[PDB]
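Trainee: Once you've had a glance at the structure underneath, I'll fire off some questions.
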Amino acid sequence: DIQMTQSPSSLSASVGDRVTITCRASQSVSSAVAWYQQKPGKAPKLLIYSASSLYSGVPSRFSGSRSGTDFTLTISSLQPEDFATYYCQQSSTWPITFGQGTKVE
Amino acid sequence: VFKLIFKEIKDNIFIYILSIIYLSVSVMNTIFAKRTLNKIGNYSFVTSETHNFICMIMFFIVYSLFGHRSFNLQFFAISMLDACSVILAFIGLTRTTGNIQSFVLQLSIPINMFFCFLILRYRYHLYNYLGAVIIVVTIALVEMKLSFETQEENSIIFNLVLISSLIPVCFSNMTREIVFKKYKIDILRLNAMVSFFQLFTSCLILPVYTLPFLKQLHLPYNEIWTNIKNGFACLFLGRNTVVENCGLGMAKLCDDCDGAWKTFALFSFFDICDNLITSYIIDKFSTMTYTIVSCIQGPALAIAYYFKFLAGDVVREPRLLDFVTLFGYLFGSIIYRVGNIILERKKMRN
Amino acid sequence: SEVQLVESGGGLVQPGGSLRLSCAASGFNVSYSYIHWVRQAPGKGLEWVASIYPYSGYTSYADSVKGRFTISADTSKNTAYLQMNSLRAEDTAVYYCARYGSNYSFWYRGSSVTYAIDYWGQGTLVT
Ligand SMILES: CC(C)CCC[C@@H](C)[C@H]1CC[C@H]2[C@@H]3CC=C4C[C@@H](OC(=O)CCC(=O)O)CC[C@]4(C)[C@H]3CC[C@]12C
């Protein structure tokens, strides 16, 4: 039912930039969405749960925000290990739909 | 003839104003409880114990300022009933969705109805039953519809022990109604001694954390004491005892405490006023209007979560199902009170 | 002690047949959390397949696999199985078994549980 339209599919950003990846859900999802970052050839690490909170182990550069349904992940300063594909995932209704990815390069 | 509503309200206006006050107090009590227990997710038992201690001394101060040989045994029965109620609620809320909790409140309506029929001999009108089935069917259908869709985990046995938590709070509400409307004990003395025995029965709640199907609040036999000492260290001072690997999918909830005493104090004040106005409603009117004025908080919590000022950063949009829960509540309560009015008119006419 | 989710059963299977994958979970108890399989085809996004709550036994599926797949769990040995039947050529993908890490917010008259996919398996390829 719910699909998560993810902001820009791929954005080009140098090291030291401030990138912002957005995903708007279709209908009113609550704060309960999460954000993962999958490198090419590995499993997706969890970055953020509940759209505002850092997972244990995640550095302090990543942060989440929301205003209604337009969730927003943002990185304060990119580093060469933050180049990967970023997905968002809702946890409100049962048809689970991820975002279609967002590749930073 | 639609001018009769004004006379009907002007006859008995205190109950509606008290329901407004209980609304404004209960929503804020739950709000500040979840706001502080998001700040101190651990140390829950300590929070409730300190809250009961300050409830006790505050109610004794108020009794000294404002207010069979003695009723300490009855106060202990009330407190032990409330204690097992919070036991079974704390157990049942581990696997229970947010919608089934509102449906469980609406199921605390007829439990109270039947047990007040049975023990203390109520007499119910046609319209009262109609209102109760109206409210319960409406809110049950809509919340079961919403619970088919939510990803929140659920097990039927835990909902059943939540109903089993509703049972002894009904016993306690109607036995405090008994000790109020038979022996004419004061409200404040009762609440103070109840809080005393609630300190004791919460320190006997303590062994429920031992069992392990709790997600984040489970504590073994070894570190219950250190949890208490660390809870006092967090609340009374502000020391944070867990800042390392913590949070979602981990052992313990992450805690901030440098300014948590303020939020805890507001929560305790609002819960004090909640219990006080509850006992006032129970003494003055009935233990059956109280359950209606307590089931207002289900739809009203959803109404209040629409605002960011009340619910911090986790809000929702005004779907029509929350509004039809609210208006089903209102129609059921209105026809219930109309049934009570016919019953009182038939009683006073004879 | 430390959480792991190791899968098995992946490999080559003819179109229109059966295959059973089996993620064994270490450390945490399977009964107290969701377990769900999530796939991604080569060069495409993550797609949900199924999910199970083994204590309630509650199963859910995606819309493209409903009636064809079957997820299950044997909590005695603390693993989780996914059988795929009537397999097509567009279901080839890398499959990860993964759980929900849960955050339990609790006020004294209610509780909200938030979820996020905490630990993922390394993944098994299916063709
Ligand atoms: C702008 C809003 C806040 C003001 C108008 C809302 C109220 C008029 C609504 C909301 C809650 C409703 C109340 C919910 C519970 C009760 C208790 C209920 O009590 C009984 O069931 C019988 C009591 C008795 O007479 O003994 C009577 C209806 C009443 C006052 C309802 C009357 C209509 C109320 C006050």
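Residue numbering restarts at 1 in every chain; chains get A, B, ... in the order shown in the structure tokens, and ligands count up from 1 in that same order.
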Got a sec to check which residues lie within 10 Å of ligand 1, using only C-alpha atoms and all ligand atoms, and send them as a short mmCIF file (atom, residue, chain, number, x, y, z; two decimals) with N, CA, C and O atoms, in the first residue's frame?
Mentor:
```cif
data_model
loop_
_atom_site.label_atom_id
_atom_site.label_comp_id
_atom_site.auth_asym_id
_atom_site.auth_seq_id
_atom_site.Cartn_x
_atom_site.Cartn_y
_atom_site.Cartn_z
N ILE B 9 -28.12 20.57 31.38
CA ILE B 9 -26.73 20.82 31.74
C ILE B 9 -26.65 21.71 32.97
O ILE B 9 -25.83 21.49 33.86
N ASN B 12 -26.84 19.91 36.52
CA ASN B 12 -25.79 19.03 37.02
C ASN B 12 -24.46 19.32 36.33
O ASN B 12 -23.77 18.43 35.84
N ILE B 13 -24.08 20.60 36.28
CA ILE B 13 -22.94 21.02 35.48
C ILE B 13 -21.59 20.54 36.01
O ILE B 13 -20.62 20.53 35.26
N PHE B 14 -21.50 20.14 37.28
CA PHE B 14 -20.20 19.80 37.84
C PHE B 14 -19.59 18.57 37.19
O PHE B 14 -18.37 18.49 37.06
N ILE B 15 -20.40 17.61 36.76
CA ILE B 15 -19.83 16.38 36.21
C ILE B 15 -19.14 16.66 34.88
O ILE B 15 -18.07 16.11 34.60
N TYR B 16 -19.70 17.55 34.06
CA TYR B 16 -19.09 17.83 32.77
C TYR B 16 -17.80 18.62 32.95
O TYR B 16 -16.81 18.37 32.25
N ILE B 17 -17.78 19.55 33.90
CA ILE B 17 -16.57 20.32 34.17
C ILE B 17 -15.49 19.41 34.74
O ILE B 17 -14.31 19.53 34.40
N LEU B 18 -15.88 18.48 35.61
CA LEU B 18 -14.91 17.55 36.16
C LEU B 18 -14.38 16.61 35.09
O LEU B 18 -13.22 16.21 35.14
N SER B 19 -15.21 16.26 34.11
CA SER B 19 -14.72 15.45 33.01
C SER B 19 -13.73 16.23 32.16
O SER B 19 -12.72 15.68 31.71
N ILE B 20 -13.99 17.52 31.95
CA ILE B 20 -13.03 18.37 31.24
C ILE B 20 -11.70 18.39 32.00
O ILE B 20 -10.62 18.29 31.40
N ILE B 21 -11.76 18.53 33.32
CA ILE B 21 -10.54 18.64 34.11
C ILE B 21 -9.78 17.32 34.09
O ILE B 21 -8.56 17.29 33.95
N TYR B 22 -10.50 16.21 34.25
CA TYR B 22 -9.86 14.90 34.20
C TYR B 22 -9.25 14.65 32.84
O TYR B 22 -8.21 13.99 32.74
N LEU B 23 -9.88 15.14 31.78
CA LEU B 23 -9.31 15.02 30.45
C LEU B 23 -7.98 15.75 30.38
O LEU B 23 -6.94 15.18 30.01
N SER B 24 -8.00 17.04 30.75
CA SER B 24 -6.79 17.85 30.70
C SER B 24 -5.70 17.32 31.62
O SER B 24 -4.52 17.62 31.39
N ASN B 128 -28.62 2.51 28.65
CA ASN B 128 -27.26 2.34 29.15
C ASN B 128 -26.57 1.19 28.43
O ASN B 128 -25.43 1.33 27.96
N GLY B 131 -25.83 2.27 24.88
CA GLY B 131 -24.66 3.12 24.77
C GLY B 131 -23.37 2.33 24.91
O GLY B 131 -22.40 2.57 24.18
N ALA B 132 -23.34 1.38 25.85
CA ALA B 132 -22.13 0.59 26.05
C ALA B 132 -21.82 -0.28 24.84
O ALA B 132 -20.67 -0.35 24.40
N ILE B 281 -14.56 11.96 41.95
CA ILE B 281 -15.65 11.52 41.11
C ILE B 281 -16.29 10.27 41.69
O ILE B 281 -17.51 10.09 41.63
N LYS B 284 -18.33 11.32 44.84
CA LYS B 284 -19.41 12.27 44.69
C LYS B 284 -20.54 11.72 43.83
O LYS B 284 -21.71 11.83 44.21
N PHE B 285 -20.22 11.09 42.70
CA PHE B 285 -21.22 10.67 41.73
C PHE B 285 -21.39 9.16 41.67
O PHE B 285 -22.48 8.65 41.94
N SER B 286 -20.33 8.43 41.34
CA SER B 286 -20.43 6.99 41.14
C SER B 286 -19.07 6.45 40.72
O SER B 286 -18.17 7.20 40.35
N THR B 287 -18.96 5.12 40.76
CA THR B 287 -17.84 4.41 40.17
C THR B 287 -18.13 3.94 38.76
O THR B 287 -17.38 3.12 38.23
N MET B 288 -19.21 4.44 38.15
CA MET B 288 -19.60 4.09 36.80
C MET B 288 -19.51 5.25 35.83
O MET B 288 -19.24 5.03 34.65
N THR B 289 -19.74 6.48 36.29
CA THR B 289 -19.36 7.63 35.49
C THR B 289 -17.85 7.78 35.41
O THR B 289 -17.34 8.31 34.41
N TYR B 290 -17.12 7.30 36.42
CA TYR B 290 -15.67 7.41 36.39
C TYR B 290 -15.09 6.60 35.24
O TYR B 290 -14.13 7.04 34.61
N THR B 291 -15.64 5.43 34.96
CA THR B 291 -15.06 4.63 33.89
C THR B 291 -15.31 5.27 32.53
O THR B 291 -14.47 5.16 31.63
N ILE B 292 -16.41 6.00 32.38
CA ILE B 292 -16.64 6.75 31.15
C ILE B 292 -15.64 7.89 31.04
O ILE B 292 -14.99 8.09 30.00
N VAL B 293 -15.49 8.65 32.12
CA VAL B 293 -14.56 9.77 32.12
C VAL B 293 -13.12 9.29 32.05
O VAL B 293 -12.22 10.09 31.78
N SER B 294 -12.86 8.01 32.31
CA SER B 294 -11.54 7.42 32.12
C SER B 294 -11.35 6.86 30.73
O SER B 294 -10.21 6.77 30.26
N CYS B 295 -12.43 6.47 30.06
CA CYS B 295 -12.36 6.03 28.68
C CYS B 295 -12.39 7.18 27.69
O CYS B 295 -12.24 6.96 26.49
N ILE B 296 -12.60 8.42 28.16
CA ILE B 296 -12.42 9.56 27.26
C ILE B 296 -10.97 9.66 26.79
O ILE B 296 -10.70 10.16 25.69
N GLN B 297 -10.01 9.20 27.60
CA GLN B 297 -8.60 9.43 27.31
C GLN B 297 -8.08 8.61 26.14
O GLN B 297 -6.99 8.90 25.64
N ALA B 300 -8.95 10.80 23.05
CA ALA B 300 -8.34 12.10 23.28
C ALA B 300 -6.83 12.07 23.19
O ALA B 300 -6.22 13.07 22.82
N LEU B 326 -13.79 9.03 18.37
CA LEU B 326 -14.19 10.12 19.26
C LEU B 326 -15.70 10.31 19.26
O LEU B 326 -16.32 10.43 20.32
N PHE B 327 -16.31 10.32 18.08
CA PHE B 327 -17.73 10.61 18.01
C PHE B 327 -18.59 9.42 18.40
O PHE B 327 -19.69 9.61 18.92
N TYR B 329 -17.58 7.44 20.88
CA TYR B 329 -17.50 7.65 22.32
C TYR B 329 -18.54 8.67 22.77
O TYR B 329 -19.25 8.46 23.75
N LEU B 330 -18.61 9.80 22.06
CA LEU B 330 -19.50 10.87 22.49
C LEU B 330 -20.95 10.43 22.40
O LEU B 330 -21.73 10.68 23.33
N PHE B 331 -21.34 9.76 21.32
CA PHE B 331 -22.73 9.33 21.20
C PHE B 331 -23.07 8.29 22.25
O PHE B 331 -24.15 8.34 22.86
N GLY B 332 -22.16 7.35 22.49
CA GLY B 332 -22.42 6.34 23.51
C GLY B 332 -22.53 6.93 24.89
O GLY B 332 -23.42 6.56 25.67
N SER B 333 -21.66 7.88 25.23
CA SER B 333 -21.72 8.48 26.55
C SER B 333 -22.95 9.36 26.70
O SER B 333 -23.54 9.42 27.78
N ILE B 334 -23.37 10.02 25.62
CA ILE B 334 -24.54 10.88 25.70
C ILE B 334 -25.79 10.03 25.91
O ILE B 334 -26.63 10.35 26.76
N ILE B 335 -25.92 8.93 25.17
CA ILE B 335 -27.10 8.10 25.36
C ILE B 335 -27.03 7.35 26.69
O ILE B 335 -28.06 7.09 27.30
N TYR B 336 -25.82 7.07 27.18
CA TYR B 336 -25.68 6.48 28.50
C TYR B 336 -26.17 7.43 29.58
O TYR B 336 -26.95 7.04 30.46
N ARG B 337 -25.72 8.68 29.54
CA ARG B 337 -26.17 9.66 30.52
C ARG B 337 -27.66 9.91 30.39
O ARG B 337 -28.32 10.17 31.39
N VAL B 338 -28.21 9.82 29.18
CA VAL B 338 -29.65 9.97 29.02
C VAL B 338 -30.37 8.81 29.70
O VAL B 338 -31.43 8.99 30.32
N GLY B 339 -29.81 7.61 29.60
CA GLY B 339 -30.39 6.48 30.31
C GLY B 339 -30.33 6.68 31.81
O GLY B 339 -31.29 6.38 32.53
N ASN B 340 -29.21 7.20 32.30
CA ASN B 340 -29.09 7.51 33.72
C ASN B 340 -30.10 8.57 34.14
O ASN B 340 -30.62 8.53 35.26
N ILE B 341 -30.40 9.51 33.25
CA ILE B 341 -31.34 10.58 33.57
C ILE B 341 -32.75 10.02 33.66
O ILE B 341 -33.51 10.38 34.57
N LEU B 343 -33.43 6.96 34.43
CA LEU B 343 -33.46 6.13 35.63
C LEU B 343 -33.63 6.98 36.88
O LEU B 343 -34.44 6.65 37.76
N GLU B 344 -32.91 8.09 36.96
CA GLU B 344 -33.05 8.99 38.10
C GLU B 344 -34.42 9.64 38.14
O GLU B 344 -34.96 9.87 39.22
#
```
Trainee: Looking only at the backbone, which of the residues in chain A does DSSP tag as strand (DSSP E or B), as a VMD selection string?
Mentor: chain A and resid 4 to 6 10 to 11 19 to 25 33 to 38 45 to 49 53 to 54 62 to 65 70 to 75 85 to 90 93 98 103 to 104
Trainee: Export N, CA and C atoms of the chosen residues as a CSV table (one decimal), in the first residue's frame?
Mentor:
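Written out: result-v2.csv:
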```csv
chain,number,residue,atom,x,y,z
A,4,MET,N,7.5,4.5,-0.7
A,4,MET,CA,8.4,5.6,-0.2
A,4,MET,C,9.2,6.2,-1.3
A,5,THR,N,8.7,7.3,-1.9
A,5,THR,CA,9.4,7.9,-3.0
A,5,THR,C,10.6,8.6,-2.5
A,6,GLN,N,11.8,8.1,-2.9
A,6,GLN,CA,13.1,8.6,-2.4
A,6,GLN,C,13.6,9.7,-3.3
A,10,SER,N,20.4,9.5,-7.5
A,10,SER,CA,21.9,9.5,-7.3
A,10,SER,C,22.4,10.9,-7.3
A,11,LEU,N,23.2,11.3,-6.3
A,11,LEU,CA,23.8,12.6,-6.1
A,11,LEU,C,25.3,12.5,-6.1
A,19,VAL,N,25.4,16.5,2.4
A,19,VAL,CA,24.4,15.9,1.5
A,19,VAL,C,23.1,15.7,2.3
A,20,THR,N,22.0,15.7,1.6
A,20,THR,CA,20.7,15.6,2.2
A,20,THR,C,19.9,14.7,1.3
A,21,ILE,N,19.5,13.5,1.8
A,21,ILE,CA,18.7,12.5,1.0
A,21,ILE,C,17.3,12.5,1.6
A,22,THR,N,16.3,12.7,0.8
A,22,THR,CA,14.9,12.9,1.2
A,22,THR,C,14.1,11.7,0.7
A,23,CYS,N,13.1,11.2,1.5
A,23,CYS,CA,12.1,10.3,1.0
A,23,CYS,C,10.8,10.6,1.6
A,24,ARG,N,9.8,10.8,0.8
A,24,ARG,CA,8.4,11.1,1.1
A,24,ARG,C,7.6,9.8,1.0
A,25,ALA,N,7.0,9.4,2.1
A,25,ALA,CA,6.0,8.3,2.0
A,25,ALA,C,4.7,8.8,1.4
A,33,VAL,N,10.2,5.4,10.7
A,33,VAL,CA,10.9,4.9,9.6
A,33,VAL,C,12.3,4.8,9.9
A,34,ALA,N,13.1,4.1,9.1
A,34,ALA,CA,14.5,3.9,9.4
A,34,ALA,C,15.3,4.1,8.1
A,35,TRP,N,16.6,4.1,8.2
A,35,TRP,CA,17.5,4.5,7.1
A,35,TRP,C,18.7,3.6,7.2
A,36,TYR,N,19.1,3.0,6.1
A,36,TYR,CA,20.1,2.0,6.0
A,36,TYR,C,21.1,2.5,4.9
A,37,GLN,N,22.3,2.0,4.9
A,37,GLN,CA,23.3,2.3,3.9
A,37,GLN,C,24.1,1.1,3.5
A,38,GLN,N,23.9,0.6,2.3
A,38,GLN,CA,24.5,-0.6,1.7
A,38,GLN,C,25.6,-0.2,0.8
A,45,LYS,N,23.9,-1.9,6.5
A,45,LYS,CA,24.0,-1.4,7.8
A,45,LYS,C,22.8,-0.5,8.2
A,46,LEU,N,22.3,-0.6,9.4
A,46,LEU,CA,21.3,0.3,9.9
A,46,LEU,C,22.0,1.6,10.4
A,47,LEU,N,21.5,2.7,9.9
A,47,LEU,CA,22.0,4.0,10.3
A,47,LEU,C,21.1,4.7,11.3
A,48,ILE,N,19.8,4.8,11.0
A,48,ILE,CA,18.9,5.5,11.8
A,48,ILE,C,17.6,4.7,12.0
A,49,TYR,N,17.1,4.7,13.2
A,49,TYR,CA,15.7,4.2,13.5
A,49,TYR,C,14.9,5.4,14.0
A,53,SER,N,17.0,9.1,15.5
A,53,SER,CA,17.8,8.6,16.5
A,53,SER,C,19.0,7.7,15.8
A,54,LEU,N,20.2,8.0,16.3
A,54,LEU,CA,21.3,7.2,15.8
A,54,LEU,C,21.4,5.9,16.4
A,62,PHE,N,25.6,11.5,10.8
A,62,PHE,CA,24.3,11.2,10.2
A,62,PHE,C,23.3,11.7,11.2
A,63,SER,N,22.2,12.3,10.6
A,63,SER,CA,21.1,12.7,11.4
A,63,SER,C,19.8,12.6,10.6
A,64,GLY,N,18.7,12.4,11.2
A,64,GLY,CA,17.4,12.3,10.6
A,64,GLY,C,16.5,13.3,11.1
A,65,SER,N,15.5,13.7,10.2
A,65,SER,CA,14.5,14.7,10.5
A,65,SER,C,13.3,14.4,9.7
A,70,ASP,N,7.8,13.8,4.8
A,70,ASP,CA,9.0,14.0,4.0
A,70,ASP,C,10.2,13.9,5.0
A,71,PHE,N,10.6,12.6,5.1
A,71,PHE,CA,11.8,12.3,6.0
A,71,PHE,C,13.0,12.7,5.3
A,72,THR,N,14.0,13.1,6.0
A,72,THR,CA,15.3,13.6,5.5
A,72,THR,C,16.4,13.1,6.3
A,73,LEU,N,17.3,12.4,5.7
A,73,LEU,CA,18.6,12.1,6.2
A,73,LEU,C,19.6,13.1,5.8
A,74,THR,N,20.6,13.4,6.6
A,74,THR,CA,21.6,14.4,6.3
A,74,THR,C,22.9,14.1,6.9
A,75,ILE,N,24.0,14.4,6.2
A,75,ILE,CA,25.4,14.1,6.6
A,75,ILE,C,26.1,15.4,6.8
A,85,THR,N,25.0,3.3,-1.1
A,85,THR,CA,23.6,3.4,-1.5
A,85,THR,C,22.7,3.5,-0.3
A,86,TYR,N,21.8,4.5,-0.2
A,86,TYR,CA,21.0,4.7,1.0
A,86,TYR,C,19.6,4.5,0.8
A,87,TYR,N,18.9,3.7,1.6
A,87,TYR,CA,17.5,3.3,1.6
A,87,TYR,C,16.8,3.8,2.8
A,88,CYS,N,15.5,4.0,2.7
A,88,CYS,CA,14.6,4.3,3.8
A,88,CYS,C,13.5,3.3,3.8
A,89,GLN,N,13.0,3.0,5.0
A,89,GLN,CA,12.1,1.9,5.2
A,89,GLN,C,11.0,2.3,6.2
A,90,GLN,N,9.7,2.1,5.9
A,90,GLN,CA,8.7,2.3,6.8
A,90,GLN,C,8.4,1.1,7.6
A,93,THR,N,2.6,0.2,8.4
A,93,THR,CA,1.7,-0.8,7.8
A,93,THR,C,2.5,-1.9,7.3
A,98,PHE,N,10.7,-0.5,0.9
A,98,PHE,CA,11.9,0.3,1.0
A,98,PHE,C,11.9,1.4,-0.1
A,103,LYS,N,22.4,6.7,-4.6
A,103,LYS,CA,23.9,6.4,-4.6
A,103,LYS,C,24.7,7.6,-4.6
A,104,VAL,N,25.5,7.8,-3.6
A,104,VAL,CA,26.4,8.9,-3.5
A,104,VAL,C,27.8,8.6,-4.1
```
Trainee: Excluding residue 34 in chain C and residues on its chain fewer than 5 positions from it, collect all residues at most 6 Å away from it, counting only C-alpha atoms, and give them as a PyMOL selection string.
Mentor: chain C and resi 52-53+99-100
Trainee: Keeping N, CA and C atoms, export the residues of the selection given above as a short mmCIF file (atom, residue, chain, number, x, y, z; two decimals), in the first residue's frame.
Mentor:
```cif
data_model
loop_
_atom_site.label_atom_id
_atom_site.label_comp_id
_atom_site.auth_asym_id
_atom_site.auth_seq_id
_atom_site.Cartn_x
_atom_site.Cartn_y
_atom_site.Cartn_z
N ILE C 52 7.91 -13.26 9.81
CA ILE C 52 7.30 -14.15 10.78
C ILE C 52 7.54 -13.60 12.18
N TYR C 53 6.52 -13.71 13.02
CA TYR C 53 6.63 -13.57 14.47
C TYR C 53 6.47 -14.98 15.05
N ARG C 99 16.36 -9.54 11.38
CA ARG C 99 15.43 -9.37 12.48
C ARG C 99 15.09 -7.91 12.69
N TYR C 100 14.03 -7.67 13.45
CA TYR C 100 13.75 -6.35 14.01
C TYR C 100 14.37 -6.22 15.39
#
```
Trainee: At a cut-off of 12 Å, can you tabulate as JSON lines every residue of chain C near chain B together with its closest atom pair and the distance in Å to one decimal, using only C-alpha atoms and ordering rows by chain then number?
Mentor:
```
{"residue": "C:2", "atom": "CA", "partner": "B:250", "partner_atom": "CA", "distance": 11.2}
{"residue": "C:3", "atom": "CA", "partner": "B:250", "partner_atom": "CA", "distance": 10.7}
{"residue": "C:27", "atom": "CA", "partner": "B:250", "partner_atom": "CA", "distance": 11.8}
{"residue": "C:28", "atom": "CA", "partner": "B:249", "partner_atom": "CA", "distance": 10.0}
{"residue": "C:29", "atom": "CA", "partner": "B:213", "partner_atom": "CA", "distance": 9.5}
{"residue": "C:30", "atom": "CA", "partner": "B:213", "partner_atom": "CA", "distance": 11.2}
{"residue": "C:31", "atom": "CA", "partner": "B:213", "partner_atom": "CA", "distance": 8.9}
{"residue": "C:32", "atom": "CA", "partner": "B:213", "partner_atom": "CA", "distance": 6.6}
{"residue": "C:33", "atom": "CA", "partner": "B:153", "partner_atom": "CA", "distance": 8.5}
{"residue": "C:34", "atom": "CA", "partner": "B:153", "partner_atom": "CA", "distance": 8.2}
{"residue": "C:35", "atom": "CA", "partner": "B:153", "partner_atom": "CA", "distance": 11.7}
{"residue": "C:51", "atom": "CA", "partner": "B:151", "partner_atom": "CA", "distance": 10.3}
{"residue": "C:52", "atom": "CA", "partner": "B:153", "partner_atom": "CA", "distance": 10.3}
{"residue": "C:53", "atom": "CA", "partner": "B:153", "partner_atom": "CA", "distance": 7.6}
{"residue": "C:54", "atom": "CA", "partner": "B:155", "partner_atom": "CA", "distance": 10.6}
{"residue": "C:55", "atom": "CA", "partner": "B:155", "partner_atom": "CA", "distance": 7.9}
{"residue": "C:56", "atom": "CA", "partner": "B:155", "partner_atom": "CA", "distance": 5.7}
{"residue": "C:57", "atom": "CA", "partner": "B:155", "partner_atom": "CA", "distance": 9.3}
{"residue": "C:58", "atom": "CA", "partner": "B:154", "partner_atom": "CA", "distance": 9.0}
{"residue": "C:59", "atom": "CA", "partner": "B:151", "partner_atom": "CA", "distance": 11.3}
{"residue": "C:60", "atom": "CA", "partner": "B:151", "partner_atom": "CA", "distance": 10.0}
{"residue": "C:99", "atom": "CA", "partner": "B:249", "partner_atom": "CA", "distance": 9.2}
{"residue": "C:100", "atom": "CA", "partner": "B:249", "partner_atom": "CA", "distance": 7.2}
{"residue": "C:101", "atom": "CA", "partner": "B:249", "partner_atom": "CA", "distance": 3.5}
{"residue": "C:102", "atom": "CA", "partner": "B:249", "partner_atom": "CA", "distance": 4.8}
{"residue": "C:103", "atom": "CA", "partner": "B:248", "partner_atom": "CA", "distance": 4.5}
{"residue": "C:104", "atom": "CA", "partner": "B:216", "partner_atom": "CA", "distance": 6.5}
{"residue": "C:105", "atom": "CA", "partner": "B:38", "partner_atom": "CA", "distance": 6.3}
{"residue": "C:106", "atom": "CA", "partner": "B:34", "partner_atom": "CA", "distance": 6.3}
{"residue": "C:107", "atom": "CA", "partner": "B:34", "partner_atom": "CA", "distance": 4.7}
{"residue": "C:108", "atom": "CA", "partner": "B:33", "partner_atom": "CA", "distance": 7.1}
{"residue": "C:109", "atom": "CA", "partner": "B:89", "partner_atom": "CA", "distance": 7.2}
{"residue": "C:110", "atom": "CA", "partner": "B:93", "partner_atom": "CA", "distance": 6.4}
{"residue": "C:111", "atom": "CA", "partner": "B:93", "partner_atom": "CA", "distance": 5.9}
{"residue": "C:112", "atom": "CA", "partner": "B:98", "partner_atom": "CA", "distance": 6.5}
{"residue": "C:113", "atom": "CA", "partner": "B:152", "partner_atom": "CA", "distance": 6.6}
{"residue": "C:114", "atom": "CA", "partner": "B:152", "partner_atom": "CA", "distance": 7.8}
{"residue": "C:115", "atom": "CA", "partner": "B:248", "partner_atom": "CA", "distance": 7.5}
{"residue": "C:116", "atom": "CA", "partner": "B:248", "partner_atom": "CA", "distance": 7.5}
{"residue": "C:117", "atom": "CA", "partner": "B:249", "partner_atom": "CA", "distance": 8.8}
{"residue": "C:118", "atom": "CA", "partner": "B:249", "partner_atom": "CA", "distance": 6.5}
{"residue": "C:119", "atom": "CA", "partner": "B:249", "partner_atom": "CA", "distance": 8.9}
```
Trainee: Give me, as a PyMOL selection string, all polymer residues having an atom no more than 9 Å from residue 17 in chain C, counting only C-alpha atoms and skipping those fewer than 3 positions away in the same chain.
Mentor: chain C and resi 13-14+84-88
Trainee: Please determine, counting only C-alpha atoms, which residue among A:40, A:8, A:56, A:13 has the shortest atom-to-atom distance to residue 44 in chain C.
Mentor: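 For residue 44 in chain C, the nearest of the candidates is A:40.
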Trainee: Identify every residue of chain B that has at least one atom within 9 Å of any atom of chain A, counting only C-alpha atoms, and report the result as a list in words.
Mentor: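 For chain B, the answer reads residues 148, 149, 150, 151, 152, 244, 245, 246, 247, 248, 250, 313, 314, 315, 316, 317 and 319 of chain B.
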Trainee: Could you please determine the separation between CA of residue 229 in chain B and CA of residue 51 in chain B in Å, to one decimal place?
Mentor: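 A separation of 16.0 Å between them.
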